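Student: Can you keep this structure in mind? I'll have questions shortly.
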Amino acid sequence: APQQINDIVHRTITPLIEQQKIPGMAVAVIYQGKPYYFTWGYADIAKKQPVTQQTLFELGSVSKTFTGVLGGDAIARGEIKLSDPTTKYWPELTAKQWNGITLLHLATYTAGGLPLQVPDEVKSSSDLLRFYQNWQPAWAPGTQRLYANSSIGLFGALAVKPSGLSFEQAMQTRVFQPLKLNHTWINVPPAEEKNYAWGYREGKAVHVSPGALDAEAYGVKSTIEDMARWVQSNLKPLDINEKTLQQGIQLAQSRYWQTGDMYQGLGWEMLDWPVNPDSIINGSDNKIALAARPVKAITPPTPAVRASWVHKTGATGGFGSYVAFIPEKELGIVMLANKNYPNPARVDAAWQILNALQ
Ligand SMILES: *[B]([O])([O])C1=[C]N(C2=[C][C]=[C]C(Cl)=[C]2)N=[C]1
Ligand SMILES: OB(O)c1cnn(-c2cccc(Cl)c2)c1
């Protein structure tokens, strides 16, 4: 644990915890490929349980990066094609607005205005079919980006259909297991509940509730160790022995669309490195991140660029996560907290850390 890393991590994170009133936090820095871990505070305030390297946190939409890689793996397996019509995997989706909407559009939030959330009222699967059949696009496919659970969540559910596996089984067998992510879960087993931190929202202990497409869009929980290993795998996909998974990772980092200075991957989002920090910091604010923006198609997509800042923010009601890494520098960071605090503070802290080490 080189002093440089200790100092820049503590110097940045300590004031962040104080300003944001974060109950508990874990951080991993991957430096020259090796991880270094840091923890603070409480996984469970009431029971006085500290955050440790084994504490599980809700990753919220960092889960989209696993969905994107799992889709990538299914493409590499020849099970699906991003050019396939959505209706190929969901024949019951007969309404005319779906003509021309492909798995690519679903995966990348470009279908034409699918909403951020699946409505709470959608409880059953027939409820889900009804919702997509009745949905009216505001825009032609592949013209505008609108960040959306109903978009990538459906991509993840359709991507695994040819396998015949449930989404959770596919994720476990094809992604978590090969990568030795043995403490990463879509559903936290009872044996691991001791380690599951509470999230804190207005002072109240909370965990994410069940919802439609939850597993696919925001439902993964993980430890700081497994998340460092996730970053290592995404930094260096060529060390992964399972061919389709290596390829899936690279596909998730390809650049499909551009809006402003960001590129949309599958789950991952990327900018050219060196980045302008105001651009990623201000860009992470939900006033920008969640807004409808015109996109330019990248035809064909650019393969994973090593000189990139590759990142994803994640939140649930009680948790705030961030992952960012730079392949060409063998450098990355994971920040997991059990309070959903503002995105720009996450990115500001991550850039201050990675910049000092780069
Ligand atoms: B993502 O973190 O940007 C994201 C997560 N969610 C979410 C979290 C909990 C419940 C529900 Cl319904 C949605 N939306 C966006
Ligand atoms: O030659 B290109 O740069 C190229 C070839 N294939 N792709 C690509 C990228 C991402 C996803 C898919 Cl299905 C194909 C880019």
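We name chains A, B, ... following the order of the structure tokens; residues begin at 1 in each chain, and ligands are numbered from 1 as shown.
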Name all residues at most 10 Å from residue 2 of chain A (count only C-alpha atoms; drop same-chain ones fewer than 3 positions away) and give them as number ranges by chain.

Tutor: A: 5-7, 31, 36

Student: Could I get the residue neighbourhood of ligand 1 at 10 Å, counting only C-alpha atoms and all ligand atoms, as a ChimeraX atom specification?

Tutor: /A:58-64,116-120,147-150,207-214,217-219,286,289-290,312-322,340

Student: Report as a PDB file with C-alpha atoms, in the first residue's frame all protein, DNA and RNA residues lying within 10 Å of residue 238 of chain A, evaluated on only C-alpha atoms, omitting residues in the same chain fewer than 4 positions from it.

Tutor:
ATOM      1  CA  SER A 233     -11.353  -7.794 -15.859  1.00  0.00           C
ATOM      2  CA  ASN A 234     -12.609  -4.792 -17.778  1.00  0.00           C
ATOM      3  CA  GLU A 242     -13.298 -17.819 -21.626  1.00  0.00           C
ATOM      4  CA  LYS A 243     -13.295 -16.572 -25.217  1.00  0.00           C
ATOM      5  CA  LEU A 245     -16.572 -13.408 -22.237  1.00  0.00           C
ATOM      6  CA  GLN A 246     -13.309 -11.734 -23.280  1.00  0.00           C
ATOM      7  CA  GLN A 247     -15.078 -10.707 -26.468  1.00  0.00           C
ATOM      8  CA  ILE A 249     -16.180  -7.252 -22.459  1.00  0.00           C
ATOM      9  CA  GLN A 250     -14.597  -5.685 -25.518  1.00  0.00           C
TER      10      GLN A 250
END

Student: Name each residue within 7 Å of ligand 2, counting only C-alpha atoms and all ligand atoms, as a ChimeraX atom specification.

Tutor: /A:75,81-82,251,254,256,300-303

Student: Take atom CA of residue 347 of chain A and atom CA of residue 13 of chain A and report the distance between them in Å, one decimal.

Tutor: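 Atom-to-atom, atom CA of residue 347 of chain A and atom CA of residue 13 of chain A are spaced 11.7 Å apart.
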
Student: At a cut-off of 12 Å, can you tabulate as a Markdown table every residue of segment 36-104 of chain A near segment 15-21 of chain A together with its closest atom pair and the distance in Å to one decimal, using only C-alpha atoms and ordering rows by chain then number?

Tutor:
| residue | atom | partner | partner_atom | distance |
| --- | --- | --- | --- | --- |
| A:39 | CA | A:17 | CA | 11.2 |
| A:40 | CA | A:17 | CA | 8.7 |
| A:41 | CA | A:17 | CA | 9.1 |
| A:42 | CA | A:21 | CA | 11.6 |

Student: Atom CA of residue 22 of chain A and atom CA of residue 201 of chain A are how many Å apart?

Tutor: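 Computing it gives 10.5 Å between the two atoms.
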
Student: At what distance in Å, to one decimal, does atom CA of residue 51 of chain A lie from atom CA of residue 338 of chain A?

Tutor: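 Going from atom CA of residue 338 of chain A over to atom CA of residue 51 of chain A, I get 9.7 Å.
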
Student: Looking only at the backbone, which of the residues in segment 22-198 of chain A does DSSP tag as alpha helix (DSSP H), as a VMD selection string?

Tutor: chain A and resid 63 to 76 103 to 108 125 to 134 149 to 159 167 to 171

Student: Hey, which of A:67, A:143, A:223, A:308 ends up closest to residue 37 of chain A? Count only C-alpha atoms.

Tutor: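 When distances to residue 37 of chain A are compared using only C-alpha atoms, the smallest one comes from A:223.
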
Student: Between A:43, A:262, A:326, A:80, which one has atoms that come closest to residue 231 of chain A, using only C-alpha atoms?

Tutor: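 Smallest separation from residue 231 of chain A among the options: A:326.
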
Student: Nearest to residue 232 of chain A: which of A:337, A:179, A:114, A:305 is it, counting only C-alpha atoms?

Tutor: A:179

Student: Need the shell around residue 93 of chain A: protein/DNA/RNA residues with any atom at most 10 Å away, counting only C-alpha atoms. Skip same-chain ones fewer than 3 positions apart. Format as a compact mmCIF listing (two decimals) with N, CA, C and O atoms, in the first residue's frame?

Tutor:
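The resulting file, selection_5.txt, is shown below:
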# COMPACT_ATOMS: atom_id res chain seq x y z
N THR A 86 -36.11 -6.18 -32.18
CA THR A 86 -36.57 -6.59 -30.85
C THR A 86 -37.60 -7.72 -30.99
O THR A 86 -37.65 -8.66 -30.19
N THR A 87 -38.42 -7.63 -32.03
CA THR A 87 -39.52 -8.59 -32.23
C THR A 87 -39.06 -10.02 -32.52
O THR A 87 -39.80 -10.98 -32.32
N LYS A 88 -37.84 -10.17 -32.98
CA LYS A 88 -37.28 -11.51 -33.12
C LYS A 88 -37.28 -12.35 -31.82
O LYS A 88 -37.58 -13.55 -31.86
N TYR A 89 -37.05 -11.70 -30.68
CA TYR A 89 -36.99 -12.38 -29.39
C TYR A 89 -38.25 -12.19 -28.57
O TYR A 89 -38.36 -12.74 -27.48
N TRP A 90 -39.16 -11.35 -29.06
CA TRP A 90 -40.43 -11.11 -28.38
C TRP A 90 -41.49 -10.93 -29.47
O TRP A 90 -41.93 -9.83 -29.73
N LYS A 96 -46.98 -1.57 -34.20
CA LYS A 96 -46.19 -1.09 -35.35
C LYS A 96 -45.01 -0.19 -34.99
O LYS A 96 -44.03 -0.10 -35.74
N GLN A 97 -45.06 0.44 -33.82
CA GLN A 97 -43.97 1.31 -33.44
C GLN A 97 -42.67 0.55 -33.22
O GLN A 97 -41.61 1.17 -33.21
N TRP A 98 -42.74 -0.77 -33.03
CA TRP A 98 -41.53 -1.57 -32.80
C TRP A 98 -40.77 -1.92 -34.07
O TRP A 98 -39.64 -2.38 -34.02
N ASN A 99 -41.40 -1.68 -35.23
CA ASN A 99 -40.73 -1.88 -36.50
C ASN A 99 -39.51 -1.01 -36.61
O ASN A 99 -39.63 0.21 -36.53
N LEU A 129 -45.83 -6.78 -21.01
CA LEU A 129 -46.11 -6.83 -22.45
C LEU A 129 -47.02 -5.66 -22.83
O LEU A 129 -46.78 -4.95 -23.81
N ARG A 130 -48.04 -5.44 -22.01
CA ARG A 130 -49.00 -4.37 -22.22
C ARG A 130 -48.30 -3.02 -22.24
O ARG A 130 -48.55 -2.17 -23.11
N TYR A 132 -45.08 -2.25 -22.98
CA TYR A 132 -44.26 -2.01 -24.16
C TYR A 132 -45.14 -1.90 -25.43
O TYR A 132 -44.81 -1.16 -26.36
N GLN A 133 -46.25 -2.65 -25.47
CA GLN A 133 -47.12 -2.59 -26.64
C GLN A 133 -47.76 -1.19 -26.74
O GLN A 133 -48.04 -0.68 -27.84
N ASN A 134 -48.03 -0.59 -25.59
CA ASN A 134 -48.75 0.68 -25.59
C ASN A 134 -47.86 1.90 -25.64
O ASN A 134 -48.36 3.03 -25.89
